[PDB]
Structure formats: C-alpha cells, structure tokens
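Coming up is one lone chain in structure tokens, specifically the form deposited in one PDB entry.
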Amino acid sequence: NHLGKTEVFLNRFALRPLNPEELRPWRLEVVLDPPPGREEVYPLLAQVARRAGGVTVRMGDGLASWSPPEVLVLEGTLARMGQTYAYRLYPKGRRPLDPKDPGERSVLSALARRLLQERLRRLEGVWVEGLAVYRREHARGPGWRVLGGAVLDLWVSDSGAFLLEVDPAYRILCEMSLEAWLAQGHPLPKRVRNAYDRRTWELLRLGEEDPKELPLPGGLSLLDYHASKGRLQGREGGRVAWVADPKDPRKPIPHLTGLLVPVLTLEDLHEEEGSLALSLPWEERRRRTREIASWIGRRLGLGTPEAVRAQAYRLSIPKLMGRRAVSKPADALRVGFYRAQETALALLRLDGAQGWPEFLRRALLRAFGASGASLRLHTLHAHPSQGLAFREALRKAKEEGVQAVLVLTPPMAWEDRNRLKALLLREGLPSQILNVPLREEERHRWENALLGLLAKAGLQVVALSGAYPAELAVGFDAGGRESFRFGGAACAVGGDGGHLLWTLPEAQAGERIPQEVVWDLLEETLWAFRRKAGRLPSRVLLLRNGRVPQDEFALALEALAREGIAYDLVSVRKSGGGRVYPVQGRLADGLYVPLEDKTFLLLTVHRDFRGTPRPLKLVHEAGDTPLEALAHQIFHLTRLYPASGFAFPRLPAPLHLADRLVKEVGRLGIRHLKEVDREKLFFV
C-alpha cells in the first residue's frame, strides 16, 4: 500500500461473550383477541413487550424474555388505533438463539438494549432519557444547569459478544421563571415553555396590560383563568407576556411571565458562564468516551470494556486546479478560473442606491483578467415592484447575453426571497443574493457571493488534477419537502470533474426513487457526458444520500450492463459512522477506515478544532472497484464544490449539489426552469 497506516479507536467497546442464560431466553406465545390485523401485528406485539414488563422483546409472532414468567403480566388489555384487544401469554418453553443468524441476534441485541435500559433506570443520581444517560452537573449559573452524560447502545456481536457504544452528550435545563429571568437583568429569550407542562411558544413581547383586567376570549381574567386551574399556588403570576404558537407566529396569545420558563440556547449561557461550549475537541471527547464506558462497565458486570480499534489510512491530498494550482475555490478569484468563457452579469440593486460597488466590479474584472476572458457588467434599471412591466426589463437583459444577476438588497423575508428568485428564473436568469449593509472588508461573504454568481452563470471555477476510475460521478438524493419528496441528481462530468451539472428533479411520494426515474436521471447524465467527450463513459460512480432502498437501482444497473458501462454504487450516510480517534498523533481529514467488506468510514473534513468531526459511513452496494479506490475518489470529489470558497463540504460535490438542488426546487417549485442551462448551478 502506498498510503500511510494509522491506528484509530472507534467509540465502541467490546464486552464479555454472552452466557448460557442469555442465549436461551424464556420464549412465549401471544394470543390476541380480537386477533391482530396485518399492518398492526408487529406494532401491537411490541406494545405487549412493554406492557409485560421485564427484559422482554418481541420475537416473530411472540416475545423473548430475560425475565421469569413469574414477574410478567400474563393477562391484560391494550387499546390501539380504535380497537381494544386482550392478550394472553403462553410460555413456549425456552429455545436457544444463534448469534450468527442475522435476524436472531437482532433479538439478542434487542434484549441487550432492553437490559441496558432497565439497569440504568434503577440508578439513583442519573437522569435517563431513552438511551441517553446524564449523570453529572457540567456547568451552571443562576436558574440554569447543564448536565453531562452520553447516549449509549448495547448490542450483540455476530461472534456472541456484547458491544457498548458511547458518545458524550449534554442537556440544558432552565428552571427559573421568565419573570425572574428578566428581573435578574437577562435579555428576552426567543422561545419560552409552560411552567406546568411541555407546551412551548415563541415569545413575541411583554404586555402593558393587567392580568386581572385582560379579558380572556369568552369568560374571565387572564389571571383568573390560570388561577382556576390552580397554577398560582406556590407561584406568582407575573406580568403579561404575548406569545405565539410557533407553527403560525401571527395570532398573539395572552400569557403570564410568572408561568413561563425560558428555553435557553448555548449563547444565552456563553453570555453568563462565558467560554462554555457543548462541542468538544476530539481529544476531550475521546477522554470522556473512555471515562463513561468505564463508568458503565462498572455498573453492569459485562466485563471491562476494551476499546475496539481499527486500521486507518491517510488518503492522498487532492490537487485542486483553477487556472493554476489553487488550495481552496476562492483562490481561483485571484489566479483565474479553470475554464472561463465570455460572460455577462447584471446587477439589481434594491437599497435606495445605484450602480455596482466599485470593489465588486474590480474583483470581477481582476478575476476575468487572470483568466483571459471577457466580462460585460450590466445594470437592471427596473424594480420588482413595477409589477408585470418589470418582466420586460428582464427579458431585455437576457436578450443581451446576461447569464445571471447579482441582487444587492437589504435582508429579504423568506417569502420575498423566493418570490424574487422565481421571478428572475422565469426569464432563465439564475440569481445570487448579497445582503447590503456591505463593506469591502467583509471579504469572505462577498467573495462567496461572487463564487456563486459565477457558478450560476455557468463558469467552471475549479477542477481536479488526477486519475480516477470513474469518468462520470453522479449523486442521487430524495426530496426537499415534507409530505412528498423530489429525487434528483447532480453530476461531475469528466475524470477531472471538469464540468458540473444538474437534472430537473421529479416529484415523488416518499424516500424511494421510482426504479425508472433513477434510470431516467442517469441517462440524462450519460448524454451530458457524451456531448462533452464524444463518447460513452467507460465507468460511472453512483452515489446515494443515505440508505439505498431495496434494488431501486436494479433497473438502472442492468441498463448500464446492457450498454456495456461499468459501475460502482455507493451509499453515503451522514449518521451511523460513530466516531474515530487516532491512537497517536493528529487526525487530519483524508482518513479512510475499512470496517467489514463493502463498508468503511471516511473522515472527509476536519477544520473547526473546537468541535469533533463526524465520519461518513459508506457502503459498497454494487460493483467491484477496490474499497480504497472508491474512498480516494469520493474524498477528492469533496473538494470540487464551487460555491463554498473557504471550506470544503463533508459530502462529495455531486451529493452535496444534489442535496442543495432538491432543497431549492422544494422551495421554489419545479416551474420556470426550461430556459435555465443545466450547467448553470442556479441553486447554490
């Protein structure tokens, strides 16, 4: 291997191999009357394990248990969606289970997790929410405290051992009333909770009215209302607080500051305690992970936790190219772009002012200068508020070669931001917004806006230098909406990624992308590749955001086989990688950690040293390229994103683009894009 080896710890710990009594659980038969449904079988079975108590988990059509029947509720009744059933338990003996059997250890692990939860529940000082355990005050001030602990997990190996996973976690508690909060000179909190339950509101403002006068819609006093429900006992109804249901922060609602509790944010506490942060440097996290594991191991009698370690590899650093070698995409602004054509940009200024700020103009002129390309700056002399007549000014501008517009504006409300983007999109004019209290020293902001204005005009700002197996990299993502999704793709064409493009996403019902929409989108990207290279890709790299639904690529993969195109399919999850810590030395991004076959972690970005990185977990779902070669290419593709300028995304450019793309479309809609080139990244 030409890559440097390193050892790492995962945040997992190996514990004892299971004993006899743990492998052979009390089995049981479940007789539900009225007999269950079909979509309601498992859900009711599980609600029976919780209703039976003890270390019980469902197994097939019944349940397994690490508890004696003599402490199990064998006769009872639970009410599901409409129907009221009655259960009865029949001890079907005590059969042994098999750690190798995938779906059997699913039960063993299930029980392990249940064991862990009950042992924790009986501990005195600790607070336990699900699998998170908080055990120690970590910080505190007047009225608030932060508890420290860790979310945990206990599962069973294929090889019959217990596995403990630990990751440090914090909980912020505020226990003072809003009245007291404000009386001690603190600022208004954006959100606020009921003192008598969990209902939490957004806090609009304080009221000048009197509680005992504030007439409650249909009845009595603001105060008398609350008094009625006995909420003033051992409390003081304070002043009037106007709040709003966060789902529709319009209609204001009367409340008492004596009965609201602030919900605090890390910054409301960094104001008090100061220098208090909830993210950890990786070495502090590693230390605390080890401490916590040892703490629990000692309350658990499953052996001494032995931190599991893996072999990691430092991947080669990507050589990023502008017109000349660059180290981040913003440097292309100084050196020149990878490939700049003739381009024309327009300005729409929506403060009271007029004309291109000279420093932006010069920055642009310099950038095109270094690149040896022509630039023609235009200025829209029309206002969005001129209604339909505005459109004639936009059409005029596109009919003069304008490829994108810079919008100089005061901060716009989200509604108006979308309204405007859309409005310019109708005329095939992608837009970059730049907020207008703006000063030349605010450099990272306007230089990023510039990088975006250029991607939106179709310029390729950077490309890779290197040899990769795949000449086409395409990433697939689903949806930028709640009750339905989108599903689209973005594209790194050429082995250098010399071109980036997107494809119009297609509305769908859930996560799963219709088998044929997958192949459709893929075909779009192959035709893109063909008219750039005059030929078909010899090999493609296929990437999905998140899990890959069962054979949703099956149809697309056979079509590729038909056409004689080679391929790999990788699933890229943002969660589920846990943590990775060097045993010795620094940790730099570019970290590759093989796990099982067809799977590995990739530490793609490390940069904000006050926080701990979260590795991507990747699964090799189809194809037979060496894991390490996939890792190498994914990693480098990380560096290809044009619109970030000063920091690389954690995701490979195509998956990061696909994400951004389905989010934009879910926000703006699918209309107004017929006249927007697919090389113009309108959505960055």
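Numbers for residues come from their place in the sequence shown, where the first is 1.
Same protein, other form: the form deposited with a small molecule bound, not shown, and the subject of what follows.
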Revision key, fill the gap. As a check of understanding, the residue in 216, 353, 365, 183 with any heavy atom within 4.5 Å of the small molecule in the deposited bound form should be identified as 216
Exercise for review: With the small molecule left out of view, choose which of 253, 317, 74, 81 has a non-hydrogen atom within 4.5 angstroms of it in the deposited bound form.
Suggested key: 253
Revision key, fill the gap. Answer among 221-229, 114-122, 458-466, 354-362 for heavy atoms within 4.5 Å of the small molecule in the deposited bound form: the stretch 221-229
Check your understanding: Taking heavy atoms and a 4.5 Å cut-off, does residue 609 contact the small molecule in the deposited bound form?
Key -> no
Practice item. Would you please decide whether residue 531 lies within 4.5 angstroms of the small molecule in the deposited bound form, comparing each non-hydrogen atom pair? Key: no
Exercise for review: Indicate whether the small molecule has at least one heavy atom within 4.5 Å of a heavy atom of residue 90 in the deposited bound form.
Suggested key: no
Check your understanding: Using heavy atoms and a 4.5 Å limit, would one call residue 508 a contact residue for the small molecule in the deposited bound form?
Key -> no
